[PDB]
Structures are given as structure tokens and as C-alpha cells.
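Okay, so here's the structure we're looking at.
Any read-out appearing in this document is the output of simple, stated calculations on the displayed coordinates, not a laboratory observation. Cβ coordinates were reconstructed from backbone atoms using ideal geometry, including for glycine residues, and neighbour counts include every protein chain displayed.
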Amino acid sequence: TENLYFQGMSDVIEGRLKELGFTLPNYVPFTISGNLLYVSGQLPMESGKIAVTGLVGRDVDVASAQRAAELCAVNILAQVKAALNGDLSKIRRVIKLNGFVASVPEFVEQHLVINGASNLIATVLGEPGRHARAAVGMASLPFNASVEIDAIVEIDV
Amino acid sequence: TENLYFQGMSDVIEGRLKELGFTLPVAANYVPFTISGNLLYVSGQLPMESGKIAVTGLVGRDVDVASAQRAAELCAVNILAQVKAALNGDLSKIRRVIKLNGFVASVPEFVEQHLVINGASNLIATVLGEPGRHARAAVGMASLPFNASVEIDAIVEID
Amino acid sequence: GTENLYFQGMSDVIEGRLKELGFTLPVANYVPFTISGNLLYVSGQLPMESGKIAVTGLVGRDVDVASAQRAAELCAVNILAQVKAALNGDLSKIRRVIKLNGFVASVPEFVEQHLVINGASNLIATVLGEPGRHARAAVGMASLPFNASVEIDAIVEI
């Protein structure tokens, strides 16, 4: 019964993500300590490729970087689902996102870029999706990703 | 009585901050802080003073170390304002400042980000005493939201 | 009793494995670490060797990947020294390295910060084994204190 409830809750979360246009795809993607889930920096992977590359303010505009952040967030959710054995309803609260945005020094709208991730997360999870955050401008990122985002998530354990 | 003691402890914290030259300010799908167990995660704070970003541009180009240190202090005061909010008015319910991440907008020749973040660290340790002493990272960023010179987030263990 | 000997043994093994990789452990209002519950937060460590910053400048300009990888190893060695201090001499009391944040001083064309931080990740996993496997971020910085090429912080369950 209550496992059907949690299955249902997970279905609703993943369905809301599909309504936004996304399906879920020596260091590890995540670790757990107590009831905190540490997710490694995720890149904007889509179909096994970095979807958005280069510097925001040079190679990529805010709208494209927002999609990058959305993809990072989708990849975070993918890892959380795997961490929780298929059940995104075992998320109690997204505690923190760290949003790293590859930026030229004149680009100062990293907060708008990371809004791509924050809005998607809050939209699919509701109130438990609302999180603390940092949004910062980086010189560059692995594989020339435009955005990398890590997460700390409080989970039902 | 315990409540009076805690109000007193908070008055002392905020009074120390005034002696340093600062009053606490009053200051979406992201929030200024979250709490998990007895850990308070405070979002990255910018050098806000009177609702304005007080120090902007790149350290080593637009701003020098002294100005950047003031920026770090302001970030720290904004952190303290969020913690006060989180603890319903009571900065005495801080058990330990666990970590600050100090992000300093830097030209690549600028390599004194530790000195910049010392602005925040010194202010926090002064106002809070031993419980203010924290782990830290200090790093140079290409740029920051609103062209802030410094942004600083925090994790604080609370009562 | 011998439970204490057992932990002493495990720490010997960890430090010995580190020496096999060619490193020994080295010996303010901010501190090198704090503890909350069973979580140890270690401050950003620089590539310190014999009291000096061993590797300086921007990866892709002043230093190549192999040199940066050695910086990242030194950062990890310094993380382990702090952890050893935090645990009163006992690296065996590490339960899990939860997270490393790897900050690499980078020119904007340099995009192999994952390979740089692999220096630290591989060393940590080697000397600690399974408990050394950690979550991670690897990012490119404009510059770092003292012109370090790499700075790394850590959260460790103890």
C-alpha cells in the first residue's frame, strides 16, 4: 500500500519532468552519509553527449546556458533516482545546489543561468525541491561544458 | 531565564558587530537557507549594503585587496542576517560555523584570495568567538552574479 | 584493546600505501578542519611540499596535465594530513570520503579539469580502498591563493 503511494509519487515527479520536455537518462556519481545524498558535479549530458559547450557571454547566450543548467538538473535527478533505488519520492528536501557557469569576465548573470536548474527542480519536486544555492562564474569546465552543477539532497533512509 | 540568557548572547553578538561598523540588514525556487538536522546551509551571499551590491568588479583590476576585504565582510554580514532569520532572531543558537566557501572575482594574476576572504573570517570569528572559527575554501572566479567582487556561502551547525 | 591495535594497524597500512606512491605526510580565525556529528570538513588544501607551494600557475599555460595531476596528489596528501590530525593519528577512522571539491587554476581553453583532479581521486582511492571512493566536483578557476595550480577541499565521514 504505502509502497504504491511512493511508486505513485515517483511517477508524478517523472511525469512532470516529461511535461517539461525531458526524460531521465575512483570517484563515484554519489555518496550517502546518514540521510544526506551528495551528488557529484553533473554536466549537460543529453543522448550521451555534452549538449552545450563554451563560455556564457562568448559562445553561449543565457537561454542556451539555461538549457544547459536544465540538463545538469536532469542528470542530478537521474543520479538521485539511482541512489534511491528507483524512487524519487524518497527525496525529503533538495538541500543545496552549487551551480558552476563557464563565463567570460563580463558575464554577470550566472544566477539567471542556474535558474534553469532551480526552476526545473522546484517544478518537478514541488516544495521539497526548493533549495539553498550558490551560482558562480568559472574560467572553464570539463569537456568544455557551459554549466556543471552538484547537489546535496536529504533523503528518506 | 534560558531565553533571557539566549537573548543576551544574541545582543552581545550583534553589539560586537556594531563595534566593527556593521548593522544587520533585513537581507523564488531557491531559498536563502535550508536546514537538514542541525546543519543550516546558507546560500551564496553577495556584498549587499542598503539593498545595493557595494563592491563590484574583479579583484586585481577594478578593486584592490582592502576593498575586496570590505566586500567579504559584507558577504559575512549578509550570512549572519540569514542565520538570524533561520534561528528566529537568535544568533546565540549558532553552535559552530562549520564551513565558508569564499568566491572572489579575480583576474588570473590575482592570487591573494585568502587575504580577501580573511575579511569575512575575521569578522565572523570576532563577533561569534571560538564558535565562529570555521573550515574554509578561498578561490578565484572568472566573474559573479551582479558583478559582485565576492560571494560567500556557509554551513552552520545550530541548536 | 587489540581493537585499538587493529586501528593502529589499519593506519599503518594506509600511510604505508601512501609511501609506496612516493609521499610522506607533512606535519588563525579559520581552521584546517571542523567536525559536526560524524562529518569532518577539511579546508581547501594547496599543493604543499616541504613547506612550499610545489606547483604554480594556470593549467594549459604554465603547467601541463601531468604537472597539475601531481599538484592534485599533493593537495590530497595535505587533505590526509589534516584528517590524520582530526582523528588523533588514526586514518583508519575514516569511514568514507564523502566529497572532494577540486579547483583547478585554468586558462579558458583548458577543459581537462577531471583529469587533473583524477590525480587526487586515484591517490585517495588507492591508499584508502573502497572507503576512499568519493563524490566529486572538478572546475576551472581564474586563479588560486599563492598561485596554486590546484586547491581541493573534502568532506569525510568519520
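Cut-off is 10 Å between beta-carbons; in what order do A:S103, B:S67, C:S121 appear when sorted fewest neighbours first?
Working: A:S103 31, B:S67 20, C:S121 26.
Final ranking by Cβ density, sparse to dense: B:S67, C:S121, A:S103.
Tell me, what is the FRET efficiency for B:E130 and B:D159 to the nearest 0.05, using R0 = 22 angstrom and their Cβ-Cβ distance as r? Rounded to the nearest 0.05, the efficiency is 0.90. A cut-off of 5 Å between modelled amide H atoms, ignoring neighbours fewer than 5 places along the same chain, links A:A51 with A:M45, A:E46.
In order along segment B:126-136, the Karplus-derived 3J(HN,Hα) couplings, from 6.51 cos²θ - 1.76 cosθ + 1.60 at θ = phi - 60°, round to 4, 6, 9, x, 3, x, x, 6, 9, 6, 7 Hz, and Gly and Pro are given as x. Residue by residue along A:147-156, Cβ atoms of other protein chains within 10 Å of the local Cβ number 3 on average. Per the Kirkwood formula applied to alpha carbons, chain B shows a radius of gyration over Rh ratio, Rg over Rh, of 0.97. For the protein assembly as shown, the equivalent ellipsoid derived from the Cα gyration tensor has semi-axes of 28, 28, 26 Å, listed largest first.
If a/c stays under 1.5 just call it rounded; otherwise compare a/b with b/c (prolate if a/b is bigger, oblate if not). Do that for segment B:1-68, with a ≥ b ≥ c from the square roots of the Cα gyration tensor eigenvalues. Numbers along the way, then the final one.
Working: a/c = 2.66, a/b = 1.47, b/c = 1.82.
In terms of gyration-tensor shape, oblate.
Less than 5 angstrom separates the built amide H of B:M141 from those of B:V104, B:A105, B:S106, C:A142, all sequence-distant by 5 or more or on a different chain.
Ranking C:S50, B:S36 by Cβ neighbours within 10 Å, fewest first, what do you get? Don't skip to the end; give the middle numbers.
Working: C:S50 6, B:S36 19.
Ascending Cβ contact count within 10 Å gives the list C:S50, B:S36.
Computed 3J(HN,Hα) for segment C:40-46, one whole-Hz value per residue from the Karplus formula 6.51 cos²θ - 1.76 cosθ + 1.60 where θ = phi - 60°, is 10, 9, 9, 5, x, 9, 9, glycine and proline marked x.
Distant-in-sequence amide contacts of C:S36, defined by a placed amide H-H separation under 5 Å and a gap of 5 or more residues or a different chain, comprise C:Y41. Footprinting exposure proxy ranking of C:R17, B:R133, C:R96, fewest other C-beta atoms within 10 angstrom first, gives C:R17, B:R133, C:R96. Across segment B:19-25, computed HN-Hα scalar couplings (Karplus, 6.51 cos²θ - 1.76 cosθ + 1.60, θ = phi - 60°) run 4, 8, x, 10, 9, 5, x Hz from first to last residue, x flagging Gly and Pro.
Which part of segment A:131-157 falls in the paramagnetic zone of A:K49, meaning amide N under 13 Å from the point 7 Å along Cα-to-beta-carbon? Under cut-off, by backbone N: nothing.
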